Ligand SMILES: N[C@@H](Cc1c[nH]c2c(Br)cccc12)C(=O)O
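What follows is a single chain, given as structure tokens, in the form deposited without this ligand.
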């Protein structure tokens, strides 16, 4: 009887399929003829955008190993192209069919398809993706509507992608939301560009949750009164975070819009604008939108009749052309029958690590955990290794499953606490998830096993990407030592990250928040590096309109909008005139570290930071009750 059935093959499943081939496990893939959202975007011609995520975190270790020279943002085209390549390799093993039902028994499951064909499989893996409502807007659109008005009850990376495509057609944007978390996807660090994922040094949570919290959460929670931070100038972006009942920060369930800030966007693309836009590099700067008023925030309770289709803001009644609601992070699970009769009720919190469900035998989920920053690759690679070991190594299987529900309770206690289940429970800091998975599999690193400060940087500051845990051990990939050398050598061994955590070791949360924003340009939501790009923005529009064959008649006065903008930006007009250090501390920190790279750690004698750097071999907060 068939050992393994993979239902659905897009991207999530590639690494697990690679691992099955390797160990020569008997597997079949069943996967729809239609394909995914991407084959949509391929047919309609709509691949004209780029990922919010860096190569290093969006593409799998066994590709990075040969294609990685420098950090870039891949295009939707490059990402689709990489799916069709791995599709091609495995097409012989793929059955084109839709599965409509799985009857799960003690030893195996019975898979029904639309064809009517039936399959028996010992283990089954669902890698079927999500149904998403804005896919419609993204797959089906028209860049001919201009000067119209749009209301969004929700903000997110797809809402942001659509706002990027509207603004050049002098469309007017209103966000009627309960606020949102948005973060510069790229950060100038002493001249060098870093992705946001590259600066989280997540293993610092082991030193203390509180150390990590104040290092991490100042751009999210409004803990600075610095009037350059969008959350002080535009207080409507603020969310209620009272649901958060966990010592883990950032908390599971936190989501974030990743945007290009204009200055980073300038730096990368100014010298060949028409081509870079052509390729799908699009200015999606929400902070710039808020500052120009090409977008405006509005209280959530700003009533409107959907029937007359108008918006009640200030002493104005603006007729809106389109209202956009959107939230469908619901996995595409076909019906699953327990003991082959009782329907299975999906709930992210009731599965272990987002992969192991509780009343089902030999059934795995792959592609349903959402990384909070970085690409899905990071998550799906480690899921792939966790699932492969569970399928192929029955002692491992027994170890996890013995006390499956104790692990799930202990997981939920650490990450969610007492909070009621939410839509976004399935979102997680990637740096915690990957480390979590790796300590279950045992391909993790020991801090006690560091001998040099160089080793202490690898452990704490090297980002917890999937390939990080594939240098050696059970899942070692050829060429990973070279990747780590490459990357290490390009980011100064992630010293700057290590130095941050050091700098804020003695501060309280309010002290850290201030320090974190005492920079000429702080990392996230810095409204001082906006005004001086209005000249460039004008280039960008003209430039955009050329590749995309647009005329917009740009002398028009939406006079009421100009007055809606003025009322919206009130707090701004009060607070931004109050304008006027991490830069220095970091400058001297990097000095100390790059000098003592090769010093034995235990040897270290007794700026008094050396004593904390010793204690880095023996962290207090390593305990994870869901792993032991």
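Positions refer to the first chain, counted from 1.
Same protein, other form: the form deposited with this ligand bound, not shown, and the subject of what follows.
- Steric access to the site is open in the shown form: after superposition of the site C-alphas, this ligand as positioned in the bound PDB entry comes no closer than 2.4 Å to any backbone or C-beta atom.
- This chain lacks the partner; the member of 109, 203, 171, 500 within 4.5 angstroms of this ligand in the bound PDB entry by a non-hydrogen atom is 500.
- Proximity to this ligand in the bound PDB entry, defined as a heavy atom within 4.5 Å, singles out one entry of 384, 252, 373, 465, which is 373.
- Note that among 215-223, 280-288, 447-455, 142-150, the stretch whose heavy atoms approach this ligand to within 4.5 Å in the bound PDB entry is 215-223.
- Interface membership of residue 524, defined by any non-hydrogen atom within 4.5 Å of this ligand in the bound PDB entry, is confirmed.
- Heavy atoms of residue 207 never reach within 4.5 Å of this ligand in the bound PDB entry, leaving it off the interface.
- In the bound PDB entry, this ligand lies farther than 4.5 Å from every heavy atom of residue 121.
- For residue 183, a non-hydrogen atom is located within 4.5 Å of this ligand in the bound PDB entry, even though that partner is not displayed.
- Each of 196, 199 and 582 is positioned with at least one heavy atom within 4.5 Å of this ligand in the bound PDB entry.
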